[PDB]
Structures are given as structure tokens and as C-alpha cells.
Amino acid sequence: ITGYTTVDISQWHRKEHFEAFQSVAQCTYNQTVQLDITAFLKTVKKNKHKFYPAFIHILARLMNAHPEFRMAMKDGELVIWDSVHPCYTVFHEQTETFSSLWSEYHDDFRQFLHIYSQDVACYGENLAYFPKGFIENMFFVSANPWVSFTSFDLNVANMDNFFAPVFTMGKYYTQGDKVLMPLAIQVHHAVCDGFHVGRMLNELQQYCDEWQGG
Amino acid sequence: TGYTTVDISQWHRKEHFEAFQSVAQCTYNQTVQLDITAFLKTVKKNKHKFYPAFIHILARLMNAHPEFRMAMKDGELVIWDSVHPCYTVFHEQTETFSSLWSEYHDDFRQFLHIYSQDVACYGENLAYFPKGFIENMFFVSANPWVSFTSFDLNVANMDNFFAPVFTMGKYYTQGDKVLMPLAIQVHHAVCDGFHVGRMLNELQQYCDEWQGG
Amino acid sequence: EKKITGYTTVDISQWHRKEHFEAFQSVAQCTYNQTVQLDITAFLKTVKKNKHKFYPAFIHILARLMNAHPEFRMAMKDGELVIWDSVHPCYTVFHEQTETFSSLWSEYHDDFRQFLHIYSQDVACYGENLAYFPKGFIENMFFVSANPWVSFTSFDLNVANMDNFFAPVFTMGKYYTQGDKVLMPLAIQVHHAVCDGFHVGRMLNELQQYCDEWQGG
Ligand SMILES: CC(=O)O[C@H]1C[C@@]2(C)[C@H](C[C@@H](O)[C@H]3[C@@]4(C)CC[C@@H](O)[C@@H](C)[C@@H]4CC[C@@]32C)/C1=C(\CCC=C(C)C)C(=O)O
Ligand SMILES: CC(=O)O[C@H]1C[C@@]2(C)[C@H](C[C@@H](O)[C@H]3[C@@]4(C)CC[C@@H](O)[C@@H](C)[C@@H]4CC[C@@]32C)/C1=C(\CCC=C(C)C)C(=O)O
Ligand SMILES: CC(=O)O[C@H]1C[C@@]2(C)[C@H](C[C@@H](O)[C@H]3[C@@]4(C)CC[C@@H](O)[C@H](C)[C@@H]4CC[C@@]32C)/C1=C(\CCC=C(C)C)C(=O)O
Ligand SMILES: [Ca+2]
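Residues numbered from 1 in each chain as written, not as in the entry; some residues may be left out. Chains lettered and ligands numbered in written order. Heavy atoms only, no water.

By the naming in the PDB entry, chain C is Chloramphenicol acetyltransferase, taken from Escherichia coli. Here the entry title, as the record gives it, is "Crystal structure of Chloramphenicol acetyltransferase I complexed with Fusidic acid at 2.18 A resolution". UniProt's Subunit comment on chain C is quoted here verbatim: "Homotrimer." Word for word, the UniProt comment on chain C under Sequence similarities is "Belongs to the chloramphenicol acetyltransferase family." (UniProt positions renumbered as here; feature names shortened; annotations may be inferred.)

If you check the PDB entry, chain B appears there as Chloramphenicol acetyltransferase from Escherichia coli. Under the UniProt heading Function, the note attached to chain B is "This enzyme is an effector of chloramphenicol resistance in bacteria." A UniProt comment under Catalytic activity is attached to chain B, and it reads "chloramphenicol + acetyl-CoA = chloramphenicol 3-acetate + CoA".

Structure representation (C-alpha cells):
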């Protein structure tokens, strides 16, 4: 069982937008940014952290900081999960296939890293699409280490109620003194407008710059 | 709204249109890093607002080429005599937005005045569409939080969705230039690489050449 | 003469991707685009010295990669998943005077010369034909379109009907100078049922290699 609360649509300043983005104007949208990871990378090295759980956790912290990232339709109602957990890809080198695992979120990165590294240790070699099953309150992260993309765009055949956010990380590279990571984010318009993604991406850049590991 | 109904039998894109309305139907999104170096310097030196200045160049381009003005009206494909920019207004206090259209005019200064009136009169109204929506719009959306390398719109139902959608990003310095992320979504039935590329080459031009009159 | 190409039926029961393929043909069905600024510095120099047209030459490189890896060569044929023996580039041709376009396929060969002579005939015989598909369409093609107007940082295709749409789509943009490099926008759309991030990335890393290592021969 998982906690949620209910959006009151008749009182919401997005009532009209939600109603249209749920019917005649339904749409999802993707955007890519070359994210500045110079500081964050130095940090992850300084502390001997694995890049990937560290990045997944800053995203998870953001999904867990604004309610527009945690929306679902539940038995006909718009709801906001009290938390969301990251569901991230793991690559199997031998079969050339992937799985998605999810790890329980906590604010303290240290506590999350321990749960993550444990999840990878027990389920990493399990070749199921979803070794742990899937839960209803997650968001997606995938690592695409081969390609320093300028664009990454998802075209999901059925977007009905697909409100979980989907992030895709690209291969970081050098650009003068910086390390730039390509970062794409797909969201559904019924639950995020440009303002939500934009504030999130700004706070993500900032957090990457100011977090001090641990 | 006046229009011209297309003579399909004589149209060189007859088979295209027909494939792009059924079996091959599709939409496509493109982003470019527009160079607004000269455009911005023009805007500041003449104390214009950037957004209506840009909307107006978008809006001249859509009104110079018919592929941007097509629509399906009562089972017939039609070209509008003109199309009117439908642009976003952000409400900082509720963190929501509205989509407002302003009557296009050729002269910039006529346009800026209808735009200023529109935004003064309806800019606090929180309706999704404060003026409702008319048949002949194209869409312009502003995104100044993000200097994106890609913006991509995936509409669930693209049937007869012929109205172009531009999405503007956060401009930035690079070397000595000012670049601005600019994306365009079109439907394949009414525009091909060429029509979108010609358009974008013209945009770049009209920006480097605009005089502020 | 016609070439009817051979194929192999996929035993889905021995395929490591079976669970995925079945999710991505139903509840998770999706497609995805990605764009790269391809580094074409060595390739363009090679092309200029040996006086080739750029397009047929790039198309041939793409063709070689689609024909090096079976995930690019899948199709549903009479209700069954199959790998084509090989696939042929179906590429665009721009008609200046009507401002229209066609899609033309040319039969693939391993050897550039063989291939450049096929492409040149096709382009001379059909280059002016205003038909959407001057040569019709055959069952085992991949797509390439040239988009020489625009140096995009993104291009992506949103197909309304993706069922069984397994043929890769490539889009090339207008090349440009970045310091000493010559870069070219290159985008690829694939269907997730037959390609994962790994397939597509391996391919794009190989495409770069091949572009830098090509000898005009
Ligand atoms: C086919 C389709 O779904 O297009 C939808 C999608 C639409 C192009 C459009 C109206 C407008 O807000 C749009 C904005 C620019 C508004 C602000 C930015 O967020 C966008 C990134 C955004 C994308 C698409 C969009 C959402 C649509 C309309 C027109 C409006 C009509 C009604 C009844 C609400 C539509 O139904 O046609
Ligand atoms: C509506 C839709 O198609 O979303 C689908 C699509 C889905 C978002 C998703 C689960 C997950 O792998 C996804 C990944 C991130 C996984 C890794 C990267 O490759 C991506 C490029 C990728 C894109 C979409 C995707 C494939 C879906 C789910 C969640 C549960 C998965 C299953 C099989 C039930 C879903 O159907 O809800
Ligand atoms: C699944 C789908 O909608 O793919 C459609 C979409 C299609 C891939 C394709 C044939 C071809 O021109 C295409 C081009 C490359 C041609 C030139 C470029 O403009 C585009 C960047 C472009 C995008 C998609 C596209 C339009 C399709 C076909 C091919 C079969 C033949 C006909 C007559 C429709 C199709 O339906 O199979
Ligand atoms: Ca919180």
C-alpha cells in the first residue's frame, strides 16, 4: 500500500488545461539540455561515488520536491503520490539486453545509495524486464552511455494517463573547461507545463553545482 | 475568416498529401540554434519588447507561404487568407499560462499595438483561452527557463493538425554570438523539409535584416 | 532481372529480447529519435579528393551498417518476425521546380563502386519523376532523407501508426564548421520492439569510425 492525496480539479487553476490535455489536446513533450556537470562530477570523484546512483538521486530529490512529478489517475481521480521511486535501467553486457529496477527513495543520499547498491547487488544479473516487479509510484531514468546526443525524444504509442516523468542521460563530454552531460526529459502536458520542467531543470543545474556529496 | 479551397487534382503534392493523411501520416519536430545577435541589438537599441518583435517575424513568415495556412474545413482542405499568432502568456502568481491570439498585421507597429492591447486587456485572465480560439491560428510558445538543444511535441491525435507550433527557448551567449533555441513542429501532410527549411532560412534572414520599422 | 531477397524467421523463444519485444509490441509500444552532431571532417576531405557526390557516399555508409547488424533489418512478414538478408536505402530526391520530393530506393552492394553506379542510374532514370515512390516500394528498405537547409540540433519524426514499423529512419542535416571540425546533424528514429539504446549507440559509434576510416575505394 502507498500513500496519496487527491487533487481537487474544480478548484485548481489548471482545471481547464488538465481537461483539455486529457482529451482533445492530449500531448506529451520532450526537451534536451546539455547539462553542466563540471562541479557535480568533481564531487562524485572527490567522494568516490558511483556517478549513476548519484545522478539518479538528485533527480529523485526533485521528483520528490514538486507535486506535478507525482501525479497518477487512481480509480478515476487525479492523485499525487506521497513519494516516487526511481526506476532505472541496468545493462547486461553478456546478453546485450536491459532491465529496470527501482530503489526506495530517501532524502539522505547516503541512505539511498545503500539501498541502490543493494538492489543492484541482488537483482543485477536477473534478466527479467522488471526483476523486482514494478510499482505504481515510480518515475523513469535510463542511461545511454554510447551517445553524446543533442536530442533524445520518446514517442510512446499510448499516452493515456502516462504521467510518470521519463529522463534519459547521454554520454558526457568536454567542452573547453566544462563537462557537459546531455539530459532529456519527457513529460505529459496534463500534469506539467513548460514552467514545471524549466524550474525543475534550473534547480537540477543548481543542485548539481552545490551539493557536496554525502 | 476567408479562405481558398485547394484543388487537390492539380496539386503537385497530391499523392504526398494522400499518403500523409492515411497510411504514412506523421508529424515532425526540428530545433535550431537561431542567431539572434543582430536581432536582439536591433530590439534593445529601439526599446522594443523582444517577444512581440519575434512573434511578428514568425507571423510574417507564416503569412508569406500557404503550406503554413492549411486546415481541413468541413472535409475540404483549405488555405486561410491569413493566420494569427496564438502565443503564451505566463501568470507568475498562479504559475499557470494562457494562450492568447492577436490579429496579424503586416506592419510591425500596427501589430505591436494590437498585441499590447490584447495583453493588457487579457493578460490577467486565467482562462486557458481568454479570447477563445479561432480557426486560423499558429502557435508560439515561450520557454525562457531552458536553453534547450531539443523541444519536441508529441500530440496524441495528429488528424488534420496542420497548424505550425514554434517553441522558443532561453537565449545565451556563445563566443561572440547570441543564439536562441528555436523549435518548429509541422504536419507532413502540409509541409516537407523544404518548406520548413526555406522558412527557417528566411527567419534567420529577416532577423539579421530587420530595421525596426 | 529482379532480386527477391532472402530472410530468416526469428525464433522468439530463443531470443534474449522476447519479453521486451512483446512489451514493446503492445503495452509499452514506443518509438524514439536521437540526434548527433556527426564529425564529418575526414569523411568530407575523402569525398572531395576522390570527387564523389557526398550523398550516395554517406548513404552507402549507412547502408553498410544496416547490413552489418540484424536489429535494423527486421520486419513482420505474414504474421511472423523475420530478419531480411539485406536491406536497401530508400532515399530522398528533391525536385527543384515543383518544390516537391520523391523517395527512391537503390539496390545495396557491399562495394561502393558497384553501389555508386546503381545509384547514378536510378537518379538519372527517376531523378525527374514526380511520383511519391517512382520505383514503388519494396519490402526491405531503410529510409534516409537529406535536409540540407538546416543545421539542426534536433530532428524527430513522430509516426501516427507505429505497428510493426521496424525500418530505421535516418535524417541528415546541413554540415557546418565548429573550430577545426566539420560537423553534420544526424538523426535516427528506431522502433523499441527491435532496437534498444545499446543497438543504436553501437551503430552510431560505428558510423563515426567508418566515416573517419573511409578511403573512397
Ligand atoms: C491536435 C492537438 O492535440 O493539438 C493541441 C496542442 C497545442 C498545439 C494546441 C494549443 C496550445 O495550448 C499548445 C501549446 C503551444 C501551448 C503552450 C506550450 O505548452 C506548448 C508546448 C503547447 C504545445 C501544443 C499546444 C498544446 C492544440 C490544440 C489547439 C487548442 C484547442 C483546444 C480545444 C484546447 C488542439 O486541440 O488542436
Ligand atoms: C505508456 C507507455 O508506453 O509507457 C511505457 C514506455 C516506458 C515509458 C515504460 C517503461 C520503461 O522501460 C521505459 C524505458 C524508460 C526504459 C529505458 C529506456 O529505453 C527508454 C528509452 C524507455 C522509454 C519508455 C519506457 C519504455 C512504460 C511503461 C511502464 C511499465 C513498463 C511496462 C512494460 C508495463 C508503461 O507502459 O506504462
Ligand atoms: C509508419 C509510417 O507512418 O512511416 C511512414 C513515414 C515515412 C517513414 C515512410 C516513407 C518516407 O517518405 C518517409 C520520409 C523519409 C521521407 C523524407 C523525409 O521527409 C522524412 C524525414 C520522412 C519521414 C517518414 C517517412 C514519411 C513511411 C512509410 C513508407 C511506406 C510507403 C508509403 C507510400 C506511405 C509507411 O507508412 O510505411
Ligand atoms: Ca520533499
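What follows covers the pairing of strand 11 (residues 178-188) of chain A. All names here are of chain A. Most of strand 11 sits inside the fold, with 10 of its 11 residues counted as buried. As paired elements, strand 9 (residues 166-169) and strand 11 share 4 bridges and run antiparallel to each other. Residue pairing in the sheet places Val166 in a bridge with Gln186 of strand 11. Note that strand 10 (residues 173-175) and strand 11 share 3 bridges and pair antiparallel. Each residue of the ladder has a partner; that of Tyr173, found in strand 11, is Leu180. With antiparallel pairing between neighbouring strands as the criterion, strand 10 and strand 11 make up a hairpin whose turn holds 2 residues, including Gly176 at a positive phi of roughly 70°. (Buried < 20%, exposed > 50% of the residue type's maximum accessible area, 1.4 Å probe, protein only. Helix = DSSP H or I, 4+ residues; strand = E, 2+ residues; numbered from the N terminus. Pairing = 2+ DSSP bridges.)

Before going further, it helps to examine the UniProt feature "active site" in chain B. Mapped onto the present numbering, the UniProt feature "active site" falls on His188(B). With respect to the secondary-structure elements, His188(B) resides in the loop between strand 11 (177-187) and helix 5 (193-209). What makes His188(B) buried here is its relative accessible area of 13%. In contact with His188(B), not counting residues within four places along its chain, are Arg13(B), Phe20(B), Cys26(B), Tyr28(B) and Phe101(C). (Contact = heavy atoms within 4.5 Å.)

So, on to helix 3 (residues 51-63) of chain A. Taking 1.5 Å per residue as the helical rise, helix 3 of chain A with its 13 residues ought to reach 18 Å, and the 19 Å between its terminal C-alpha atoms agrees with that figure. The buried fraction of helix 3 of chain A amounts to 13 of the 13 residues, a majority that puts the element mostly inside the structure. (Expected span 1.5 Å × (residues − 1).)

Inspection of every chain in the model, using the stated rule, returns 18 salt bridges over all chains. Between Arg13(B) and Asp192(B) there is a salt bridge, with the nearest N and O atoms lying 2.5 Å from each other. Taken together, the residues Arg13(B) in the loop between strand 1 (3-5) and helix 1 (14-20) and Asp192(B) in the loop between strand 11 and helix 5 connect sequence positions 179 residues apart. As far as the burial class goes, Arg13(B) and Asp192(B) line up, both buried. Across the salt bridge formed by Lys177(B) and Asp35(B), the nearest N and O atoms sit 3.2 Å from each other. Of this pair, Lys177(B) sits in strand 11 while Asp35(B) sits in strand 2 (residues 26-35), and the two are 142 residues apart along the sequence. Because the salt bridges share partners, they merge into one network encompassing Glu96(A), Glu71(C) and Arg202(C). (Salt bridge = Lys/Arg side-chain N within 4 Å of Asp/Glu carboxyl O.)

Looking now at the sheet that holds strand 1 (residues 7-9) of chain C. Residues and elements named next belong to chain C. The strand order across the open sheet built from 3 strands is 1-4-3, with neighbouring strands paired in antiparallel fashion. Only two strands of the sheet have a single neighbouring strand rather than two, namely strand 1 and strand 3 (74-77). The average angle at which neighbouring strand axes cross in this sheet is 40°, direction not considered. Of the strand pairs in this sheet, strand 3 and strand 4 (residues 80-84) are connected by 4 bridges, and their pairing is antiparallel. Bridging from a neighbouring strand, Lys77 pairs with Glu80 of strand 4. (Axes fitted to C-alpha atoms, helices over the stretch in contact; angles between N-to-C directions.)

Inspection of the region around ligand 2 gives 15 residues, with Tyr129(A), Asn158(A), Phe162(A), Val27(C) and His192(C) positioned closest. Proximal residues around ligand 2 fall on chains A and C, making this an inter-chain site. For ligand 2, an oxygen atom lies 2.6 Å from a polar atom in the side chain of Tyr129(A). In this structure, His192(C) approaches ligand 2 through a side-chain N or O atom, which is 2.9 Å from an oxygen atom. Across the complex, the protein chains shield 86% of the 680 Å² of accessible surface that ligand 2 would expose by itself. Only strand 7 (138-143) and strand 8 (151-156) of chain A together with helix 1 (18-24) of chain C provide two or more residues apiece to the shell around ligand 2. Here the element with the most residues in the shell around ligand 2 is strand 8 of chain A; it accounts for 3 residues. Residue composition of the shell around ligand 2, by class: 11 nonpolar, 4 polar and no charged. (Near = heavy atom within 4 Å. Polar contact = N/O pair within 3.5 Å; in protein donor to acceptor, adjacent residues only side chain to side chain. Areas by Shrake-Rupley, 256 points an atom, 1.4 Å probe, with all protein chains shown as cover. Nonpolar A, V, L, I, M, F, W, Y, C, P; charged D, E, K, R; others polar.)

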